[PDB]
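Printed here is entry.csv (CSV, C-alpha atoms):
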chain,number,residue,atom,x,y,z
A,1,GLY,CA,-1.9,-13.9,-15.1
A,2,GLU,CA,-5.3,-13.1,-13.5
A,3,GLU,CA,-5.6,-16.9,-13.1
A,4,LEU,CA,-3.1,-17.1,-10.3
A,5,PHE,CA,-5.5,-15.2,-8.1
A,6,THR,CA,-8.6,-17.4,-8.5
A,7,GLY,CA,-8.3,-18.8,-5.0
A,8,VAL,CA,-6.7,-17.5,-1.8
A,9,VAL,CA,-3.1,-16.6,-2.0
A,10,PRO,CA,-0.6,-16.4,0.9
A,11,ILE,CA,1.1,-13.0,1.4
A,12,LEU,CA,4.4,-12.0,2.9
A,13,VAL,CA,5.3,-8.4,3.5
A,14,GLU,CA,8.9,-7.3,4.5
A,15,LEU,CA,9.8,-3.6,5.0
A,16,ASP,CA,13.0,-1.9,6.1
A,17,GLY,CA,12.5,1.7,7.0
A,18,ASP,CA,14.6,4.7,8.0
A,19,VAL,CA,12.8,8.0,9.0
A,20,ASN,CA,15.2,10.8,10.1
A,21,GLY,CA,17.7,8.1,11.1
A,22,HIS,CA,15.1,6.2,13.1
A,23,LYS,CA,15.5,2.7,11.6
A,24,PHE,CA,12.9,-0.1,11.9
A,25,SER,CA,11.6,-3.3,10.2
A,26,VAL,CA,8.0,-4.7,9.8
A,27,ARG,CA,7.1,-8.2,8.7
A,28,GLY,CA,3.6,-9.1,7.7
A,29,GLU,CA,1.8,-12.4,7.0
A,30,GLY,CA,-1.7,-13.3,5.8
A,31,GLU,CA,-3.6,-14.0,2.7
A,32,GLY,CA,-5.4,-12.4,-0.2
A,33,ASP,CA,-8.6,-13.3,-2.0
A,34,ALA,CA,-8.9,-11.2,-5.2
A,35,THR,CA,-12.3,-12.5,-6.2
A,36,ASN,CA,-13.7,-10.7,-3.1
A,37,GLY,CA,-11.0,-7.9,-3.1
A,38,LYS,CA,-10.1,-9.0,0.5
A,39,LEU,CA,-6.8,-8.7,2.3
A,40,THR,CA,-6.2,-9.9,5.9
A,41,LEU,CA,-2.7,-9.5,7.4
A,42,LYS,CA,-1.0,-9.1,10.7
A,43,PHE,CA,2.1,-6.9,10.8
A,44,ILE,CA,4.8,-6.9,13.5
A,45,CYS,CA,7.5,-4.3,14.1
A,46,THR,CA,10.3,-6.8,14.4
A,47,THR,CA,12.8,-4.2,15.7
A,48,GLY,CA,10.6,-3.2,18.7
A,49,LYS,CA,8.8,0.2,18.8
A,50,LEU,CA,7.5,1.5,15.5
A,51,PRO,CA,8.8,5.1,15.3
A,52,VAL,CA,6.0,6.3,13.0
A,53,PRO,CA,2.2,5.8,13.4
A,54,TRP,CA,0.9,2.5,11.9
A,55,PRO,CA,-1.7,4.3,9.7
A,56,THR,CA,1.0,6.2,7.8
A,57,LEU,CA,2.3,2.9,6.4
A,58,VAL,CA,-1.0,1.3,5.3
A,59,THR,CA,-0.7,2.4,1.7
A,60,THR,CA,3.0,1.2,1.6
A,61,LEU,CA,2.4,-2.3,3.2
A,62,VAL,CA,-0.5,-5.3,-3.0
A,63,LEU,CA,-3.1,-3.9,-5.4
A,64,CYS,CA,-3.0,-7.2,-7.4
A,65,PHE,CA,-5.8,-8.3,-5.0
A,66,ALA,CA,-8.3,-5.7,-6.0
A,67,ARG,CA,-11.6,-7.0,-7.3
A,68,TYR,CA,-11.8,-5.9,-10.9
A,69,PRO,CA,-15.4,-6.3,-12.2
A,70,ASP,CA,-15.7,-8.6,-15.2
A,71,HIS,CA,-16.5,-5.8,-17.6
A,72,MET,CA,-13.1,-4.4,-16.5
A,73,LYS,CA,-10.8,-7.5,-16.6
A,74,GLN,CA,-9.0,-5.7,-19.5
A,75,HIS,CA,-7.8,-2.8,-17.3
A,76,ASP,CA,-6.1,-4.9,-14.6
A,77,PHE,CA,-2.5,-3.9,-14.9
A,78,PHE,CA,-1.4,-5.5,-11.6
A,79,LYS,CA,-2.5,-9.1,-12.3
A,80,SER,CA,-1.4,-8.9,-15.9
A,81,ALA,CA,2.2,-8.4,-14.8
A,82,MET,CA,2.3,-11.6,-12.7
A,83,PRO,CA,4.1,-13.7,-11.8
A,84,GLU,CA,7.0,-11.6,-13.0
A,85,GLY,CA,5.7,-8.8,-10.8
A,86,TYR,CA,5.8,-5.0,-10.9
A,87,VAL,CA,7.8,-2.3,-9.1
A,88,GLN,CA,5.7,0.1,-7.0
A,89,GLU,CA,7.4,3.5,-6.2
A,90,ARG,CA,5.9,6.4,-4.3
A,91,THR,CA,6.5,9.8,-2.8
A,92,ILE,CA,4.3,10.5,0.2
A,93,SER,CA,4.5,14.1,1.1
A,94,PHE,CA,2.9,15.0,4.4
A,95,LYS,CA,1.7,18.6,4.6
A,96,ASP,CA,3.8,20.8,6.9
A,97,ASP,CA,6.1,17.9,7.6
A,98,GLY,CA,8.5,15.5,5.9
A,99,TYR,CA,8.1,13.0,3.1
A,100,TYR,CA,8.5,9.2,2.6
A,101,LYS,CA,10.1,7.7,-0.5
A,102,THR,CA,9.3,4.1,-1.1
A,103,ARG,CA,10.4,1.4,-3.6
A,104,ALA,CA,8.7,-2.0,-3.6
A,105,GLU,CA,8.8,-5.2,-5.6
A,106,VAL,CA,5.5,-7.0,-5.7
A,107,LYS,CA,6.1,-10.5,-7.2
A,108,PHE,CA,5.4,-14.2,-6.8
A,109,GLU,CA,8.1,-16.2,-4.9
A,110,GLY,CA,6.9,-19.8,-4.9
A,111,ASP,CA,3.2,-19.9,-4.2
A,112,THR,CA,3.5,-16.7,-2.0
A,113,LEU,CA,2.7,-13.2,-3.2
A,114,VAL,CA,5.6,-11.2,-1.7
A,115,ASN,CA,5.8,-7.4,-1.1
A,116,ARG,CA,9.4,-6.3,-0.3
A,117,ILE,CA,9.7,-2.5,0.4
A,118,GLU,CA,12.5,0.0,1.2
A,119,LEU,CA,11.2,3.2,2.8
A,120,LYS,CA,13.3,6.3,3.5
A,121,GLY,CA,11.7,9.2,5.3
A,122,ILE,CA,13.3,12.7,5.3
A,123,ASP,CA,12.8,16.1,6.8
A,124,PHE,CA,10.2,15.2,9.5
A,125,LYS,CA,9.5,17.3,12.5
A,126,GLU,CA,10.6,15.4,15.6
A,127,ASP,CA,7.4,16.4,17.5
A,128,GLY,CA,5.2,16.6,14.4
A,129,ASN,CA,2.2,14.5,13.9
A,130,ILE,CA,4.2,11.6,12.5
A,131,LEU,CA,7.3,11.3,14.7
A,132,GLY,CA,5.3,12.6,17.7
A,133,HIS,CA,2.6,9.8,17.2
A,134,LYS,CA,-0.4,12.2,17.1
A,135,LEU,CA,-2.6,10.3,14.6
A,136,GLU,CA,-5.6,8.3,15.4
A,137,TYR,CA,-5.4,4.5,14.8
A,138,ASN,CA,-7.7,4.3,11.8
A,139,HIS,CA,-7.8,4.9,8.1
A,140,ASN,CA,-10.6,6.6,6.1
A,141,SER,CA,-12.1,5.0,3.0
A,142,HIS,CA,-11.0,6.7,-0.2
A,143,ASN,CA,-10.9,6.6,-4.0
A,144,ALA,CA,-7.7,6.8,-6.1
A,145,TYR,CA,-7.8,7.4,-9.9
A,146,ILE,CA,-5.5,5.2,-12.0
A,147,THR,CA,-4.3,6.5,-15.4
A,148,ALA,CA,-1.9,4.7,-17.8
A,149,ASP,CA,1.7,5.8,-18.4
A,150,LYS,CA,2.3,4.6,-21.9
A,151,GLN,CA,5.8,6.1,-22.0
A,152,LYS,CA,6.9,3.7,-19.2
A,153,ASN,CA,4.7,0.6,-19.9
A,154,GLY,CA,2.8,1.1,-16.6
A,155,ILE,CA,0.3,3.1,-14.7
A,156,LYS,CA,0.3,6.2,-12.5
A,157,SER,CA,-1.8,7.6,-9.7
A,158,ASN,CA,-1.8,10.6,-7.4
A,159,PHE,CA,-4.3,10.8,-4.6
A,160,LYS,CA,-4.7,12.3,-1.2
A,161,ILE,CA,-5.0,10.5,2.1
A,162,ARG,CA,-6.4,12.4,5.1
A,163,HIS,CA,-5.2,11.1,8.4
A,164,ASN,CA,-7.2,11.9,11.5
A,165,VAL,CA,-5.1,13.9,14.0
A,166,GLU,CA,-6.0,13.2,17.7
A,167,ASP,CA,-6.8,16.9,18.2
A,168,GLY,CA,-9.5,17.0,15.5
A,169,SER,CA,-7.4,18.4,12.7
A,170,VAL,CA,-6.5,16.4,9.6
A,171,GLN,CA,-3.0,15.5,8.4
A,172,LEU,CA,-2.8,15.4,4.6
A,173,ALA,CA,-0.5,12.9,2.9
A,174,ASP,CA,-0.1,13.5,-0.8
A,175,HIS,CA,0.8,10.3,-2.7
A,176,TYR,CA,2.4,10.2,-6.1
A,177,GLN,CA,2.7,6.7,-7.3
A,178,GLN,CA,4.1,4.9,-10.3
A,179,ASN,CA,4.2,1.2,-11.3
A,180,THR,CA,6.2,-0.6,-14.1
A,181,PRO,CA,6.6,-4.3,-14.6
A,182,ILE,CA,9.6,-6.5,-13.9
A,183,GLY,CA,9.5,-9.0,-16.7
A,184,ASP,CA,9.0,-8.1,-20.4
A,185,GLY,CA,5.8,-10.0,-21.1
A,186,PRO,CA,2.5,-8.3,-22.2
A,187,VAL,CA,1.0,-5.9,-19.7
A,188,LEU,CA,-2.5,-4.4,-19.9
A,189,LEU,CA,-2.6,-0.6,-20.2
A,190,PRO,CA,-5.9,0.4,-18.6
A,191,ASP,CA,-8.1,3.4,-19.3
A,192,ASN,CA,-8.8,6.1,-16.8
A,193,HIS,CA,-10.6,4.5,-13.7
A,194,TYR,CA,-10.3,4.3,-10.0
A,195,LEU,CA,-9.8,2.0,-7.0
A,196,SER,CA,-12.1,2.2,-4.0
A,197,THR,CA,-10.6,1.1,-0.7
A,198,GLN,CA,-11.8,0.4,2.9
A,199,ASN,CA,-9.6,-0.4,5.8
A,200,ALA,CA,-10.2,-1.8,9.3
A,201,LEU,CA,-7.4,-1.5,11.8
A,202,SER,CA,-7.4,-3.6,15.0
A,203,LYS,CA,-5.1,-5.2,17.6
A,204,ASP,CA,-4.6,-8.8,18.6
A,205,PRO,CA,-5.5,-9.3,22.3
A,206,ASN,CA,-2.7,-12.0,22.7
A,207,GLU,CA,0.0,-10.0,20.9
A,208,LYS,CA,2.6,-8.1,22.9
A,209,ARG,CA,4.8,-6.8,20.1
A,210,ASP,CA,4.0,-3.4,18.4
A,211,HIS,CA,1.6,-4.6,15.6
A,212,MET,CA,-1.3,-3.9,13.3
A,213,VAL,CA,-4.1,-6.3,12.3
A,214,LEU,CA,-5.4,-5.2,8.9
A,215,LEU,CA,-8.5,-6.1,6.9
A,216,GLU,CA,-8.7,-4.3,3.6
A,217,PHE,CA,-11.0,-4.3,0.6
A,218,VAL,CA,-10.0,-2.9,-2.8
A,219,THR,CA,-12.4,-2.9,-5.8
A,220,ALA,CA,-12.1,-1.2,-9.2
A,221,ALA,CA,-14.8,1.0,-10.8
A,222,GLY,CA,-15.1,4.0,-13.2
A,223,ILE,CA,-15.4,2.1,-16.5
A,224,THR,CA,-19.0,1.6,-17.7
Target encoding structure tokens, full file:
Amino acid sequence: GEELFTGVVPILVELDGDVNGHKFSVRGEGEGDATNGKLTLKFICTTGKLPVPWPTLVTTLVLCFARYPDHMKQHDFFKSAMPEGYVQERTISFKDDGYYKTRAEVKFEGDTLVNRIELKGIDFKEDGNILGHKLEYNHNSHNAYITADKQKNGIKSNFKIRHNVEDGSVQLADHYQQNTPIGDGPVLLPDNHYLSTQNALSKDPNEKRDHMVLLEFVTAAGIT
């Protein structure tokens, strides 16, 4: 399980979205290095103009690459479910605006770790902060507590992301998340802990499509 992640692992992300009837697709390629907790990917909107801000999709677009410290290998739900994979589902409720609902399969396909997502967004304001593209191109560092869901053989987490609005205000996005495995093998059920994440968003100088270059670090803590 956790042994498939010892080296660097190619990554493919594919997302089909639909927010208030505005449809779009994103494809992402890169690699993950779980021993450092490091993700580097370049995402393209393959359908043209992305109709939502790139930062509202960071959390949607592979926690099996977090760096779990050795005294916590026994709380690493995500790697334990590999290569069968796990389903990741979320509701992302933006305050005073609409909500995303996402369903993703995170699983090995060949030697590539693949993240295939379906997003539907509902009830957004057409000149709100999301559909009106009023968010800064960045993504604050944050902690998210994981707890186990014994009754479903998985884990659960709810946590708040605070997006910087370009006027100075902060757009809150309440995430409620649940993961459950795909196969039937043995899966670790962690104890209460948290994941600590940092994000760097950039652009490629030589890239003309709508796109996001992403460097992300995810590391586990909370268990002493």
Interface rows for range 34-130 of chain A against range 208-214 of chain A: nearest pair, Å to one decimal, 12 Å, all atoms listed in the file, as a Markdown table:
| residue | atom | partner | partner_atom | distance |
| --- | --- | --- | --- | --- |
| A:38 | CA | A:214 | CA | 10.3 |
| A:39 | CA | A:214 | CA | 7.6 |
| A:40 | CA | A:214 | CA | 5.6 |
| A:41 | CA | A:214 | CA | 5.3 |
| A:42 | CA | A:213 | CA | 4.5 |
| A:43 | CA | A:212 | CA | 5.2 |
| A:44 | CA | A:211 | CA | 4.5 |
| A:45 | CA | A:210 | CA | 5.6 |
| A:46 | CA | A:209 | CA | 7.9 |
| A:47 | CA | A:210 | CA | 9.2 |
| A:48 | CA | A:210 | CA | 6.6 |
| A:49 | CA | A:210 | CA | 6.0 |
| A:50 | CA | A:210 | CA | 6.7 |
| A:51 | CA | A:210 | CA | 10.2 |
| A:52 | CA | A:210 | CA | 11.3 |
| A:53 | CA | A:212 | CA | 10.3 |
| A:54 | CA | A:212 | CA | 6.9 |
| A:55 | CA | A:212 | CA | 9.0 |
| A:56 | CA | A:212 | CA | 11.7 |
| A:57 | CA | A:212 | CA | 10.3 |
| A:58 | CA | A:214 | CA | 8.6 |
| A:59 | CA | A:214 | CA | 11.5 |
| A:61 | CA | A:214 | CA | 10.1 |
Which residues, written as JSON, numbers by chain, have at least one atom at most 12 Å from residue 4 in chain A, with only C-alpha atoms counted and residues fewer than 6 positions away on the same chain left out?
{"A": [10, 32, 33, 34, 35, 64, 65, 78, 79, 80, 81, 82, 83, 84, 107, 108, 110, 111, 112, 113]}
With all atoms listed in the file as the counted atoms, please give the residues lying no more than 7 Å from residue 174 in chain A, apart from itself and same-chain residues fewer than 4 positions off, as a list in words.
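So the residues in contact are residues 92, 93, 94, 159, 160 and 161 of chain A.
The interatomic distance for the pair CA of residue 157 in chain A and CA of residue 176 in chain A works out to 6.1 Å.
Coordinates place CA of residue 12 in chain A at a distance of 10.7 Å from CA of residue 26 in chain A.
Atom pair CA of residue 191 in chain A / CA of residue 88 in chain A: separated by 18.8 Å.
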List every protein, DNA or RNA residue that has at least one atom no more than 9 Å from (-7.2, 3.0, 13.7) in the file's coordinates, counting only C-alpha atoms, and write the result as a PyMOL selection string.
chain A and resi 54-55+135-139+199-202
Leaving out residue 192 in chain A and any residue of its chain fewer than 2 positions from it, which residues lie within 7 Å of it when counting all atoms listed in the file, given as a list in words?
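Near residue 192 in chain A, the qualifying residues are residues 146, 147 and 190 of chain A.
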Of the listed residues A:220, A:29, A:105, A:215, that which approaches residue 9 in chain A most closely, counting all atoms listed in the file
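Under the stated criterion, the closest residue is A:29.
Of the listed residues (A:74, A:177, A:141, A:36), A:177 comes nearest to residue 103 in chain A; the distances count all atoms listed in the file.
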Counting all atoms listed in the file, which residue out of A:114, A:131, A:19, A:223 sits closest to residue 100 in chain A?
A:19
Range 186-202 of chain A rebuilt with N, CA, C and O atoms, output as a compact mmCIF listing (two decimals), keeping the file's coordinate frame:
# COMPACT_ATOMS: atom_id res chain seq x y z
N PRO A 186 3.58 -9.32 -21.83
CA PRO A 186 2.50 -8.30 -22.20
C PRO A 186 1.80 -7.84 -20.98
O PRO A 186 1.37 -8.63 -20.13
N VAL A 187 1.64 -6.52 -20.89
CA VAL A 187 1.00 -5.90 -19.70
C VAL A 187 -0.19 -5.06 -20.25
O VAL A 187 -0.06 -4.32 -21.23
N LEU A 188 -1.34 -5.20 -19.58
CA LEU A 188 -2.50 -4.40 -19.90
C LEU A 188 -2.28 -2.94 -19.56
O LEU A 188 -1.80 -2.63 -18.47
N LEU A 189 -2.64 -2.05 -20.47
CA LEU A 189 -2.60 -0.60 -20.20
C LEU A 189 -4.04 -0.12 -20.00
O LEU A 189 -4.72 0.16 -21.00
N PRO A 190 -4.52 0.02 -18.77
CA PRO A 190 -5.90 0.40 -18.60
C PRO A 190 -6.27 1.73 -19.11
O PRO A 190 -5.42 2.51 -19.55
N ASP A 191 -7.57 2.02 -19.08
CA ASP A 191 -8.10 3.40 -19.30
C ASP A 191 -8.32 4.01 -17.94
O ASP A 191 -8.29 3.35 -16.90
N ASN A 192 -8.58 5.32 -17.97
CA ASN A 192 -8.80 6.10 -16.80
C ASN A 192 -9.95 5.41 -15.94
O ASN A 192 -11.02 5.11 -16.46
N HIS A 193 -9.65 5.12 -14.67
CA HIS A 193 -10.60 4.50 -13.70
C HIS A 193 -10.13 4.80 -12.33
O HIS A 193 -9.22 5.61 -12.12
N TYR A 194 -10.73 4.12 -11.35
CA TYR A 194 -10.30 4.30 -10.00
C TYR A 194 -10.45 3.07 -9.15
O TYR A 194 -11.16 2.13 -9.54
N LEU A 195 -9.73 3.04 -8.02
CA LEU A 195 -9.80 2.00 -7.00
C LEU A 195 -10.43 2.51 -5.77
O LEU A 195 -10.10 3.62 -5.34
N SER A 196 -11.35 1.74 -5.20
CA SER A 196 -12.10 2.20 -4.00
C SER A 196 -11.69 1.25 -2.88
O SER A 196 -11.74 0.02 -3.01
N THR A 197 -11.24 1.85 -1.77
CA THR A 197 -10.60 1.10 -0.70
C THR A 197 -11.22 1.39 0.63
O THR A 197 -11.50 2.56 0.94
N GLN A 198 -11.41 0.34 1.45
CA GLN A 198 -11.80 0.40 2.90
C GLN A 198 -10.77 -0.34 3.70
O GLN A 198 -10.17 -1.32 3.24
N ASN A 199 -10.58 0.12 4.94
CA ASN A 199 -9.60 -0.40 5.80
C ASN A 199 -10.15 -0.53 7.25
O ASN A 199 -10.79 0.40 7.73
N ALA A 200 -9.91 -1.66 7.89
CA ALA A 200 -10.20 -1.80 9.30
C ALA A 200 -8.93 -2.19 10.05
O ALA A 200 -8.31 -3.22 9.77
N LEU A 201 -8.55 -1.34 11.00
CA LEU A 201 -7.40 -1.50 11.80
C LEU A 201 -7.76 -2.02 13.20
O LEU A 201 -8.68 -1.46 13.81
N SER A 202 -7.10 -3.07 13.67
CA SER A 202 -7.40 -3.60 15.00
C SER A 202 -6.09 -4.09 15.61
O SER A 202 -5.01 -3.94 15.02
